[PDB]
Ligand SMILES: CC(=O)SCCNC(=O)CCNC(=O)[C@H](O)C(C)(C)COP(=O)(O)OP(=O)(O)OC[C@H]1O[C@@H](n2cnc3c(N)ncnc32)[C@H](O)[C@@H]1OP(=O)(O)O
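Presented below, as structure tokens, is a lone chain in the form deposited without the ligand.
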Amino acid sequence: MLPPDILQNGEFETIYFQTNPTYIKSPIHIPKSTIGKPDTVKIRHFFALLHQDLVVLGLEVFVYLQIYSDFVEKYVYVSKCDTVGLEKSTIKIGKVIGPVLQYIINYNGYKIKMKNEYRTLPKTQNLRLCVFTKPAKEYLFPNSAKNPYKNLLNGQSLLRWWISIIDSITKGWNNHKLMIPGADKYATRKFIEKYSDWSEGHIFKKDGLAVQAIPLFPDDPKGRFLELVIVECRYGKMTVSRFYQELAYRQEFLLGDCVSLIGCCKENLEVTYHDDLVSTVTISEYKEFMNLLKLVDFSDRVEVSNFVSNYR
């Protein structure tokens, strides 16, 4: 998952675990009218880099497997990524985030139970990588924002960073899409002028109803608007085009700092299923860890060190 020059034989350590794969309802509305509906399996990934007793950075990624008879639609959603900044930064953060996210994208050793011993997945996979960029001060690590070595990127800097990282791990993919809701075509294109494989737009179905095209990801700015569409039961009127038009005027975007949406796709990848023993936990155990994490003062070495030792 990480090369030797970053871990340095134990100078740095990793926290990495997955939830046990769990069947959920589709994050994209599928009319019960549809023929050959897929089963959806969700896996949460949590990663953190440790330097001796202290957390350096963290990354949370959710993987959704839409399992059809002959292929899988695989959505990889970056939930959260954050740094602590208690120590002067030794590794460039993208040299860690890039390889970890690439490992998670390509991981195919999930132990999936039968839908009511282990299910075998189709070999043909269509990949979708979904990332939003929004310069929040503390995605994962409370009160880290006033740590002395936390480098807080503004919105445009954060977007340039993510484009660089995502381009590096999606070489040869079929499309790379960028949208900055509320920005003109000219402003959006400047971010991808040096990226020949990137274009303006999004990766989802372009026509029809928005809730049948756009996935509802947790704690996603796009998903927050979709949630409103559904709670007001406008799911039968809202088109894809009008959804992205009105997304630009939401407070989170119009008052935000270069809030952007990235999507990348690779079609018809032949994969081989490949056991790779990693720590797996129940969803309750996963949530317990994340709830403990929210109660840590990441400006306080004592509390951070205590959190790490308790995990060990």
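Residue numbers run from 1 along the displayed sequence.
Deposited sequence between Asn116 and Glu117: 10 or more residues lack coordinates. Look at the mean CA B-factor for 282-290 and for 268-276 in the entry; the higher one is 268-276. Taking the PDB entry as given, 102-110 carries the higher mean Cα B factor of the two stretches 102-110 and 126-134.
For the set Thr40, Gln245, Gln251, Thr34, the PDB entry assigns the largest Cα B-factor to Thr34.
Of the candidates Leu228, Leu121, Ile203, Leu86, the PDB record gives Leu86 the highest C-alpha temperature factor. In this PDB entry, the Cα temperature factor of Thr90 sits in the top third of its chain's modelled residues, the highest group. In the PDB entry, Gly223 places in the lowest third of its chain by CA B-factor. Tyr195: CA B factor lies in the middle third for its chain, per the PDB record.
When the modelled residues of the chain are ordered by their C-alpha B factor, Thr19 lands in the lowest third. Annotation for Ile180: CA B-factor lies in the lowest third of the chain's modelled residues.
There is another form of this protein, the form solved in complex with the ligand, and it is not shown here; the text below is about that form.
Looking at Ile91, you'd find a heavy atom of it within 4.5 angstroms of the ligand in the deposited bound form.
Within 4.5 Å of any heavy atom of the ligand in the deposited bound form lies no heavy atom of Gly98. Taking the partner from elsewhere, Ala187 is found to have every heavy atom lying beyond 4.5 Å of the ligand in the deposited bound form. For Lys177, no non-hydrogen atom is located within 4.5 Å of the ligand in the deposited bound form, even though that partner is not displayed. Partner proximity in the deposited bound form, defined as non-hydrogen atoms within 4.5 angstroms of the ligand, places exactly one of 236-244, 136-144, 192-200, 168-176 at the interface: 136-144. Checked against the ligand in the deposited bound form, the candidates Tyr103, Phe132, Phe71, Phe217 yield a single residue with a heavy atom inside 4.5 Å, and that residue is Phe132. Shown without its partner, the chain has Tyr139, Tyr149, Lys150, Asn151, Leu152, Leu153, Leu158, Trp161, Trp162 in segment 138-167 as residues with a non-hydrogen atom within 4.5 angstroms of the ligand in the deposited bound form.
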